[PDB]
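Undergrad: Experimental structure below, sequence on top.
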Amino acid sequence: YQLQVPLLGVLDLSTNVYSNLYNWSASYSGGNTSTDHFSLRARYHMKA
Amino acid sequence: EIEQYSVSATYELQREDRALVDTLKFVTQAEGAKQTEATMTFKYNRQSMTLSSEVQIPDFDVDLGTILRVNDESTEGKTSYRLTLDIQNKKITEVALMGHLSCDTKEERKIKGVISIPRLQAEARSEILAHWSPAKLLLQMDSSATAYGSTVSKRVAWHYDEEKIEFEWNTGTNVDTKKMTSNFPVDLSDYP
Amino acid sequence: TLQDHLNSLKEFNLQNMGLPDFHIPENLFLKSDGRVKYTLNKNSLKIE
């Protein structure tokens, strides 16, 4: 049988907080880069 | 100096060019050389669906004037209106309220609310747009206000696309010490 | 600046309510910058 599966897109998220004496940034990306080629690169980075 | 006292509630249908004003006057006064006219008049423009309330008491310096303006811009293809409110002590608008509605039933839907106070540097802005389309609906949020060195801004935008779904939200609330100090008087007339 | 404030206080003759000297930063910023983005492109994976 033939089935069509929608791709698992790439998820992009980042919240960056900026306050006096403390600037904070968050950035993570998820989701398969290529659903039909099986490429995952999900990465995060938390900085204060 | 006075021959009598009369209190009267006289209605009059007044003409304003095109418009007709259902004017009701309430006046309390002395009659004679001495006039004690304390008048509370209220006027409605039934042709411009506008209400106005007026009061005069010079003994206490009362010359208050309040106007509620409703202007009809509504049509079958566009439901639109423009609301104005003038808070006039001594017939000087020290508080004003305005609204602009422009809703195109096809795609565009605009809502805009404004608050302004000249003497107190108090301004609030609430503006909303919703651009409809059968494929997708586009949303925009605008709400901001400024008063006494404080800036408030709220920016949230969402949009759908077949290729991707995008959402953002930026929150802004900043205060400047010197600017707030200048805007808010830290000095009093007779205090020094 | 509090020294000048005290000098004014010597005669008990101030000009303002309180001390307008500001220790805190002249600019006080508090912000949040968050975003969600996802690539649901219509491409799909065909499976047997």
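TA: Structure received. Residues are numbered from 1 along each chain as shown, chains lettered A, B, ... in the order given.

Undergrad: where's the residue nearest the centre of chain A relative to residue A:15, distance?
TA: Among the residues of chain A, the smallest C-alpha distance to the mean C-alpha position (C-alpha atoms, centre = their mean) belongs to residue A:29, namely 1.4 Å. Going from residue A:29 to residue A:15 by C-beta to C-beta, to the nearest Å gives 13 Å. In this view, the C-beta of every residue, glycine as well, is placed from N, C-alpha and C.

Undergrad: Count the residues that sit near the closest residue to residue B:192 other than its chain neighbours.
TA: In space, not counting the residues next to it along the chain, residue B:192 is nearest to residue C:15; the distance is 4.8 Å by C-beta to C-beta, 6 or more residues apart in numbering or on different chains. The number of residues packed near residue C:15 is 11, by other C-beta atoms under 10 Å in any protein chain shown.

Undergrad: what about residue C:15, which helix or strand?
TA: Under the criterion DSSP states H and E, no helix or strand holds residue C:15.

Undergrad: So residue B:53 sits against residue B:86, correct?
TA: No: counting by C-beta atoms under 8 Å, no contact exists between residue B:53 and residue B:86, whose distance comes to 11.0 Å.

Undergrad: Identify the contacts common to these two.
TA: Shared contacts of residue B:53 and residue B:86, defined by C-beta atoms under 8 Å, 6 or more residues apart in numbering or on different chains, are found at B:65-67.

Undergrad: Could you restrict the residues you listed to the ones contacting chain A?
TA: Judged by C-beta under 8 Å from any C-beta of the partner chain, the overlap between the shared contacts of residue B:53 and residue B:86 and the neighbourhood of chain A is nil.

Undergrad: where along chain A do the strands fall?
TA: Listed in chain order, the strands of chain A (DSSP state E) span A:3-6, A:11-19, A:22-30, A:43-47.

Undergrad: partners of the third one in the sheet?
TA: Pointing back at strand A:22-30 there. Strand A:22-30 has its sheet partners listed here by DSSP bridges as strand A:11-19 (antiparallel), strand A:43-47 (antiparallel).

Undergrad: closest one to residue B:92 among these?
TA: Shortest separation from residue B:92 across the strands paired with strand A:22-30 is recorded for strand A:11-19, at 41.4 Å, computed as C-beta to C-beta.

Undergrad: give me phi/psi at the residue nearest to residue B:192?
TA: Reported as degrees, to the nearest 10, the phi and psi values for residue C:15 are phi -120, psi -20.

Undergrad: for chain A, what are the nearby residues on chain B?
TA: Counting by C-beta under 8 Å from any C-beta, the residues of chain B that sit close to chain A are residue B:164.

Undergrad: so where do the helices sit in chain B?
TA: B:177-183 (DSSP state H).

Undergrad: on that earlier part again, among residue B:53 and residue B:86, which residue is more densely surrounded?
TA: Neighbours were tallied for residue B:53 and for residue B:86 using other C-beta under 10 Å; the higher tally belongs to residue B:86 (18 against 14).

Undergrad: Distance-wise, check that one relative to chain A.
TA: Distance, residue B:86 to chain A, using C-beta to the nearest C-beta, to the nearest Å: 40 Å.

Undergrad: residues in contact with that residue?
TA: With contact taken as C-beta under 8 Å, 6+ apart, residue B:86 is in contact with B:65-67, B:69, B:93, B:96.

Undergrad: which one is the residue of chain B found nearest chain A nearest to, not counting chain neighbours?
TA: Shortest chain B-to-chain A distance, computed as C-beta to the nearest C-beta: residue-wise this is residue B:164, at 7.1 Å. Nearest residue to residue B:164 in three dimensions, chain neighbours excluded: residue C:39, at 4.6 Å (C-beta to C-beta, 6+ apart).
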